[PDB]
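Structural overview for review
Read off the chains here:
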Amino acid sequence: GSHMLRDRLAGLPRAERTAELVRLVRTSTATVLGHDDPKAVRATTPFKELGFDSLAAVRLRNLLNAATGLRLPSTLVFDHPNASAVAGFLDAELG
């Protein structure tokens, strides 16, 4: 942010949003497994490994919803190879 810092700051553009949702996704996801430790979680981490199939995959979308507010896809956990991606899908779903 330059010049229009204030705006940017109190504007949180897509960037911040994407980077924002991401952080959330990470936790949100990890939260599914049953832990609140993102440190042990990356953005390029495969959900599968995280431990997602259906139940956990469901909880995600559910929580993810709170990240967006729409009826996110249930196959996201599948269409999404990693969190980094999840962010996009959400972003694309938001815009």
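Residues numbered from 1 in each chain as written, not as in the entry; some residues may be left out. Heavy atoms only, no water.

Method information in the entry identifies solution NMR as the source of the structure.

It is worth spelling out the overall build of the chain at this point. Of regular secondary structure, the chain possesses six helices and zero strands. Ordered by position from N to C terminus, the α and β elements of the chain give α-α-α-α-α-α. Its C-alpha atoms give the chain a radius of gyration of 14 Å, near enough to 12 Å, the size a compact globule of 95 residues would have. In terms of overall dimensions, the chain has C-alpha extents of about 45 × 30 × 20 Å along its principal axes. Going through the 95 residues of the chain one by one, you find that 29% of them count as buried. Partitioning the contacts of the chain with sequence separation of at least 6, the portion at a separation of at least 24 is 52%. On the chain, roughly 6500 Å² of surface is accessible, and the fraction owed to carbon and sulfur atoms is 53%. Measuring between centres, the 12 positive side-chain charges of the chain sit 3 Å from its 10 negative side-chain charges. (Helix = DSSP H or I, 4+ residues; strand = E, 2+ residues; numbered from the N terminus. Rg over C-alpha atoms; globule rule 2.2 N^0.38 Å. Buried < 20%, exposed > 50% of the residue type's maximum accessible area, 1.4 Å probe, protein only. Contact = heavy atoms within 4.5 Å. Areas by Shrake-Rupley, 256 points an atom, 1.4 Å probe, with all protein chains shown as cover. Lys, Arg positive; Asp, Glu negative; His and termini not counted. Charge placed at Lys NZ, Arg CZ, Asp CG, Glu CD.)

Turning our attention to the packing of helix α4 (residues 55–68) against helix α6 (residues 83–94). Between α4 and α6, whose axes approach to 10 Å, the crossing angle comes to 50°. One element, α4, and the other, α6, form an angle in the oblique class. Considering the relative orientation of α4 and α6, their crossing is right-handed. Of the residues in α6, those in contact with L64, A67 and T68 of α4 are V86, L90 and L94. Partitioning the contact of α4 with α6 into residue classes produces five nonpolar, one polar and no charged. (Axes fitted to C-alpha atoms, helices over the stretch in contact; angles between N-to-C directions. Parallel < 35°, antiparallel > 145°, perpendicular 65-115°, else oblique. Left-handed = near helix turned anticlockwise from the far one by under 90°. Nonpolar A, V, L, I, M, F, W, Y, C, P; charged D, E, K, R; others polar.)

With that settled, the discussion passes to the pattern of salt bridges. Any two side chains of opposite charge can pair, on the condition that their charged atoms come close. Enumeration according to the criterion identifies one salt bridge in this entry. Note that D91 is salt-bridged to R14, the shortest N-O span being 2.7 Å. Residue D91 is located in helix α6, and its partner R14 is located in helix α2 (residues 14–33); the two are separated by 77 residues in the primary sequence. (Salt bridge = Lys/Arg side-chain N within 4 Å of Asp/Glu carboxyl O.)

This paragraph deals with the nonpolar core. Judged by nonpolar contacts, the single largest core of 16 residues is most densely connected at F52, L60, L64, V77, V86 and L90. Going through the elements one at a time, α2, α4, α5 (76–79) and α6 are the ones with two or more residues in this core. Top contributing element to this core by residue count: α4, with five residues. In this view, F52 contacts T29, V32, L33, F47, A57, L60 and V77; residues no more than four positions away in its chain are not counted. (Core = buried A, V, L, I, M, F, W, Y, C linked by side-chain atoms within 4.5 Å.)

Non-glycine residue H3 carries a positive phi angle of around 70°. Residues other than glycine seldom take positive phi values, yet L12 does so here, at roughly 30°. Position of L12 among the secondary structure elements: in the loop between α1 (5–9) and α2. The class of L12 is partly exposed, set by a relative accessible area of 44%.

Right, let's get into α2. Relative to the 28 Å expected for 20 residues at 1.5 Å per residue, α2 spans 28 Å between its end C-alpha atoms, a close match to the ideal helical length. Listed in full, the buried residues belonging to α2 are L21, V22, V25, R26, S28, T29, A30 and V32. Phi turns positive one or two residues past the end of α2, at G34, with a value near 115°. (Expected span 1.5 Å × (residues − 1).)

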